[PDB]
Amino acid sequence: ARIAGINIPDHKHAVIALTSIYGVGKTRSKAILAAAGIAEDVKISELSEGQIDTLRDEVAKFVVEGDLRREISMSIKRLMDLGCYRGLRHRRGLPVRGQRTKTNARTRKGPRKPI
Amino acid sequence: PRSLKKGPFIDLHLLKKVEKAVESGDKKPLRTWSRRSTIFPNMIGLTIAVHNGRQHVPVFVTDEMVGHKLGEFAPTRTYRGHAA
Amino acid sequence: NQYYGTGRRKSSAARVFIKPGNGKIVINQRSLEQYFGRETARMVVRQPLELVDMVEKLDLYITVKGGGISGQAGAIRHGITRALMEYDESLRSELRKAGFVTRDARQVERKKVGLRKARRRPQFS
Amino acid sequence: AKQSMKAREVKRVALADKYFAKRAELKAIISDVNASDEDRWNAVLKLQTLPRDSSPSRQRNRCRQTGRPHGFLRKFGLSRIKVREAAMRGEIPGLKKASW
Amino acid sequence: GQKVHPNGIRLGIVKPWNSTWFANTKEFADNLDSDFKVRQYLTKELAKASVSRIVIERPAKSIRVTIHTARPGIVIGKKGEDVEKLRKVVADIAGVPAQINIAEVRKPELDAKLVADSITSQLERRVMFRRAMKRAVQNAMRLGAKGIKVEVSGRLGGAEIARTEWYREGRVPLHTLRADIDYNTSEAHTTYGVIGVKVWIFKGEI
Amino acid sequence: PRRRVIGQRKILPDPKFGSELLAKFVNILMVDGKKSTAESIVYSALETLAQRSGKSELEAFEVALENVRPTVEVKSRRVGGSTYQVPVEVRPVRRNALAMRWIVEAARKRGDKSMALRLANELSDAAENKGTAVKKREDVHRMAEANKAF
Amino acid sequence: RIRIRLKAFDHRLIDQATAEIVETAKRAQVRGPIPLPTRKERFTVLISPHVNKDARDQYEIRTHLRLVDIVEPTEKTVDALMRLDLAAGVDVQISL
RNA sequence: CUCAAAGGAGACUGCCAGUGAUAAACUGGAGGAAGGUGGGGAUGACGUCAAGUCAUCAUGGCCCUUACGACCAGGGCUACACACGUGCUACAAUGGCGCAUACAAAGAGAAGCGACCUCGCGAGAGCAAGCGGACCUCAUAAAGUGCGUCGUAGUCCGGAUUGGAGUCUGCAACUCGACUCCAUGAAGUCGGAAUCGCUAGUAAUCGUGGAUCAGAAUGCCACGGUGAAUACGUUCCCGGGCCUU
RNA sequence: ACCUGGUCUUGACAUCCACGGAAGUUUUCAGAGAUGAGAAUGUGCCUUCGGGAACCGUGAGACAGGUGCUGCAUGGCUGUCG
Ligand SMILES: [K+]
Ligand SMILES: [K+]
Ligand SMILES: [K+]
Ligand SMILES: [K+]
Ligand SMILES: [K+]
Ligand SMILES: [K+]
Ligand SMILES: [K+]
Ligand SMILES: [K+]
Ligand SMILES: [Mg+2]
Ligand SMILES: [Mg+2]
Ligand SMILES: [Mg+2]
Ligand SMILES: [Mg+2]
Ligand SMILES: [Mg+2]
Ligand SMILES: [Mg+2]
Ligand SMILES: [Mg+2]
Ligand SMILES: [Mg+2]
């Protein structure tokens, strides 16, 4: 129900439900469940409180949620403070991985802004 | 990124210059065209002027800069915005 | 003695051996049902025998290679038709009327330069 | 292509042939896991010293007749235009217009 | 519109290849380059020898070159002196042992390459283009050509506006693959610029 | 076409029920040449329909078809500054083609979870003259009735 | 056993060369000539000097392949095959 | 027997009936694998657009010649308020995912294709056969099918973007490579006016290979699998041919 | 093929002439490299022991070079109506 300071969906299968945690994807979700000895198909509601506690211990092994967000924020901040090319791209809100900017790049640039 | 087994890449001429500069003491900024050379721990505290294609841009190496290529800190294209 | 026919459809080539038997069909050392999951494929294979009413009167040993399930089924049907005509000449007239005798000459049309496919043209403005 | 551009290719081929054995040695040292880290480091530095034109990747296939750097075909060693001219004259053995 | 090369379309139908050797991908490009350099040398060397076609064969590790010339004597030289000189040069170019065979071309008026070369020579000599073309057509038809077409393109008569002029007599069925069409081209280099000549000679079906 | 040299293309009868009409319906439902997928939907839908219908699958399908088939349709003809919808009798082959296409279109627009369920529901509604497919037939007839003068 | 692989760009030339080999060997037992699959190498080139991407020529070189098997070769037969000179344009590979 | 690839056979409006000017021809029929151009391709008249290409090359003239020539390093051709063309991937349940399991064609390969085995989550690495190839290798067909699950949600749809960690090629991947792993999880719920392709093994959809190439395809060229709908017709719109005005 | 900077001027690429050096091979330092300054090792091939030519240089000057312009001076090739 409540893991890593968030509420996971009870109705969903455990493997899907765990992915609700930031920093946990399908692979990590499967690993956590395998370590906890809980089947992926089992719904969170079906799991006992003891079973939920085992899941909580497994999640604690990986950096997740706020701790992950802090790490990601610091990494981007470092680049921007460095003034490296990547940092400059983060500052300008342009693609950082050498994609084209003549067209596209709408995800970084946002909606088209008329001249 | 360059394979770990191959190790970090630096141009030999730059490496020699850095070693000489470190041995000599505080020095006038090193002038290099080797944008591709990785920044090494020994370089920290040295100013390296990296060519951006038209001018050598002074870079003061710091601990955070280590493990990055020199060219990363010298911008090749100039853009001040459209209709600016 | 075994009566033999060769059937071809698309890129498939089928070798059919027909002998007096009791409605047993083997394709590439597998039962018809096993080899062909699709009902249509099975229907195509059994079409000639049903027409001649010799479904349970003969045993068929069939080997087919190349193409796909529909091609192989069509090739087998052609081969069976040929074998049936070898077994009995009179059957030809009925088989011809069914259109089993004709070898289907339709093939994949080649891709052509300046075209996305055989006929599909790039979008025009 | 300009005469100089054709000349540059001739130099690149020559240098590549000259240092082929040396380059292969150095690359093998760098590649080998068993080789010492110091040995690898020296090999990496030595490879840099060798002339850039010695690397085969620097060479660009050019039409042997014209020196055209695009539309090259390896089989004939000619660009598409020169291939076509030779083919029509019957100079390229076995080669004819094809339909299927 | 544009037309298919008449020789190229007929290759392996009624027209033979000029080069007839087998090579793997490894040697194919080198053989083509050697053939080019051999043909380049021979064309320059035998410019006045009325060479129509140079056939190159590569049996074993040797090169056999067959030169088709209207004037066999001049190519051969005195006691085969000239041909021997050619052989030595070809061997150097080829880098393999060279054998030179000289084939006489009878009826040079019926040979497209020779006709084209004649016309271009005349144009360089400042002979009037129309006269050169008309004579060529007449000569071929007299020699029993079933048809001939001659086309000349460029600054004809040194005109500022380039134009194309052509004359045809008899049948010249370019769409008929079995028809034996000898086609060849030549370029005249003049003070006004390049003039292109194309000649088609029909010698009957098959 | 102008030449009008078009000839009939043979349709193999559907395997389960041996009906050419049902084979046409599979082709109309089919997308991207996936006939096997299409056949599964139709066979599933017909079975579900048959249970509710209490009739043979072919009979149930035929009852649905009878309700959706159009006797008359409108063809546009431009007359000067106006365009006239001209009523035309639908030939028997086209009547089936329209009925099947409309049923499939209607089924595709339904909100049921699977296409087989949607198709069964559409087919059942048509038997009782209630679905969007039957409404299209109603609209076509009304348009033809309105333009009977032309 | 001697295996001879013949390759030519011309089918007529290869057939003549095989016929010479089989006859010469017959004057040891021979298997075939076996018609091995012809390789068709196709090439596509733009035919304009500039642009016109849809304007192309498609070329093909067909490599014809023949296999002849010389079984229980006589010493004379072996020499006779070596002495035999096939037409130029036929590549001959002899396998023992 | 399949197949390989050489040489042959076969289709001719040849046969039959009707129609037509005792015509050409048309229509139907028989036989036949194939029927009237059997399917596809190559093949492009005289000419038109002073159409495209002096940057493939060649060439008249003009121009530069210690420079408009030549060499080198670094940068650029990858820029980014924006507009357009051509594509790719989607918006899901005729689907996604998991597991199991069928059936191709075509092609490439020696500074190459590289098995097996071992190692790595993987990209790969190490070791090392075979193959200049109907032999060996690339190399797994995928859609499909069975079973299970998901249950109409911005989702177990979508996979953009970004962080971190790697691999490989290459002197060298900062500008500016491909790929892998973990995490992240954008727009998008079927698209205004308008507009494109396609008449059958076609469209649609599904994979496969090749050239270029150290590396770098959603492009191009090629290959099979599955496999439709519809054509009443010629009033209309558009273009073309012929005769006439 | 563009830019910035560093460089060369019979020249990166040809023919010719004179002159000196086999060609080459292995290394050092400086330089971003181009390149320059060095060192060491080869010194053959032909050869009427006249020699040549192999290929390095150096020095002229005839020349080389140009993806510089004109596709409205052209050839060739191509699209297009079709
Ligand atoms: K997550
Ligand atoms: K010019
Ligand atoms: K970019
Ligand atoms: K694309
Ligand atoms: K890069
Ligand atoms: K590549
Ligand atoms: K008119
Ligand atoms: K032109
Ligand atoms: Mg296809
Ligand atoms: Mg295109
Ligand atoms: Mg390259
Ligand atoms: Mg113009
Ligand atoms: Mg550069
Ligand atoms: Mg570009
Ligand atoms: Mg007409
Ligand atoms: Mg023009």
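Letters A, B, ... are given to chains in the order of the sequence lines, protein chains preceding strands, and every chain is numbered from 1. Every heavy atom of this structure was used, including side-chain atoms; hydrogens, water molecules and symmetry mates were not.
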Next on the checklist: Is A/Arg112 close enough to H/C82 that one of its side-chain N or O atoms is under 4.0 Å from OP1 or OP2 there?
Outcome noted: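 For H/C82, neither OP1 nor OP2 has a side-chain N or O of A/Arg112 closer than 4.0 Å.
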Next on the checklist: Below the 4.0 Å mark, does H/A79 have OP1 or OP2 next to a side-chain nitrogen or oxygen of A/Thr101?
Outcome noted: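 A/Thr101 to H/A79 OP1/OP2: side-chain N or O found under 4.0 Å.
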If you go through the side-chain atoms of [X], does one of them form a donor-acceptor pair with the base of [N] closer than 3.5 Å?
{"X": "D/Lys2", "N": "I/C13", "value": "no"}
{"X": "B/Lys6", "N": "H/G170", "value": "yes"}
{"X": "D/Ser99", "N": "H/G41", "value": "yes"}
{"X": "B/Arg35", "N": "H/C174", "value": "yes"}
{"X": "F/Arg108", "N": "H/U94", "value": "yes"}

If you look at every strand shown and take non-hydrogen atoms under 4.0 Å, does [X] touch a base, only sugar-phosphate, or nothing?
{"X": "B/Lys16", "answer": "nothing"}
{"X": "B/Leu12", "answer": "nothing"}
{"X": "A/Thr103", "answer": "base"}
{"X": "A/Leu94", "answer": "sugar-phosphate"}
{"X": "F/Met115", "answer": "base"}

Next on the checklist: Before you tell me yes or no, could you show the steps for E/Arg168 and E/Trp166 under side-chain contact (heavy atoms from CB on, under 4.5 Å), namely the whole-Å CA-CA distance, both residues' side-chain angles and the distance that decides it to 0.1 Å?
Outcome noted: CA-CA 7 Å; E/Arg168 179 172 59 235; E/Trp166 64 272; 3.5 Å; yes
Among [options], which is the nearest nucleotide to the side chain of [X]?
{"X": "C/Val108", "options": "H/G163, H/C213, H/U202", "value": "H/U202"}
{"X": "C/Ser70", "options": "I/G76, H/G227, H/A81", "value": "H/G227"}
{"X": "E/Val194", "options": "H/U205, H/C221, H/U59", "value": "H/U59"}
{"X": "C/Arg116", "options": "H/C1, I/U67, H/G87", "value": "H/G87"}
{"X": "D/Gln3", "options": "I/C13, H/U162, H/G32", "value": "I/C13"}
{"X": "C/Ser11", "options": "H/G185, H/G224, H/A160", "value": "H/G224"}
{"X": "A/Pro95", "options": "H/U162, H/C221, H/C46", "value": "H/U162"}
{"X": "C/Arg119", "options": "H/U199, H/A231, H/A229", "value": "H/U199"}
{"X": "D/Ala7", "options": "I/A1, I/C13, H/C1", "value": "I/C13"}
{"X": "C/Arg110", "options": "I/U26, H/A222, H/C232", "value": "H/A222"}

Distance in angstrom units between [X] [atom1] and [N] [atom2], rounded:
{"X": "B/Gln55", "N": "H/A73", "atom1": "CD", "atom2": "P", "result": "21 Å"}
{"X": "D/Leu73", "N": "H/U56", "atom1": "CG", "atom2": "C1'", "result": "13 Å"}
{"X": "A/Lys109", "N": "H/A160", "atom1": "NZ", "atom2": "P", "result": "19 Å"}

Checklist entry - Do H/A216 and H/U155 form a Watson-Crick or G-U wobble pair, with both donor-acceptor distances under 3.5 Å? => result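 Under the 3.5 Å cut-off on both distances, the two nucleotides are not paired.
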Next on the checklist: Need to verify one output field. Residue with the more 5' nearest nucleotide on RNA chain H, F/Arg118 or D/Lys6?
Outcome noted: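 Its nucleotide being nearer the 5' end, the pick is D/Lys6.
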Item to check | Given RNA chain H, 5'-ward residue of the pair F/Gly7 and F/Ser36, judged by closest heavy atom | outcome: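 Closer to the 5' end of RNA chain H: F/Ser36.
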Next on the checklist: For G/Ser48, is there any backbone N or O sitting under 3.5 Å from a side-chain donor or acceptor partner on D/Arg80?
Outcome noted: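 Present.
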Next on the checklist: Could you check whether any side-chain N or O of E/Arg155 sits under 3.5 Å from a backbone N or O of E/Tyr192, counting only pairs where one atom can act as donor and the other as acceptor?
Outcome noted: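 At least one qualifying donor-acceptor pair exists.
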I'd like to know if [X] and [Y] make a salt bridge, using a cut-off of under 4.0 Å between side-chain N and carboxylate O.
{"X": "D/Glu9", "Y": "D/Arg60", "answer": "no"}
{"X": "C/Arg106", "Y": "C/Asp104", "answer": "yes"}
{"X": "D/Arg8", "Y": "D/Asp53", "answer": "no"}

Checklist entry - Can I/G21 be described as syn, meaning its chi torsion is within 90° of 0, or is it anti? => result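 Nucleotide I/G21 adopts anti.
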Next on the checklist: Using Watson-Crick or G-U wobble geometry with both distances under 3.5 Å, which nucleotide pairs with I/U35?
Outcome noted: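 Here I/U35 is engaged in a pair, and the nucleotide opposite it is I/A30.
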Ring-centre distance below 5.5 Å and interplanar angle below 30°, [N] vs [M]:
{"N": "H/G120", "M": "H/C121", "result": "no"}
{"N": "I/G66", "M": "I/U67", "result": "no"}
{"N": "H/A100", "M": "H/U101", "result": "yes"}

Item to check | Aromatic ring pairing B/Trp33/B/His56, orientation class (parallel under 30°, perpendicular over 60°, tilted between) | outcome: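 B/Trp33 and B/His56: perpendicular rings.
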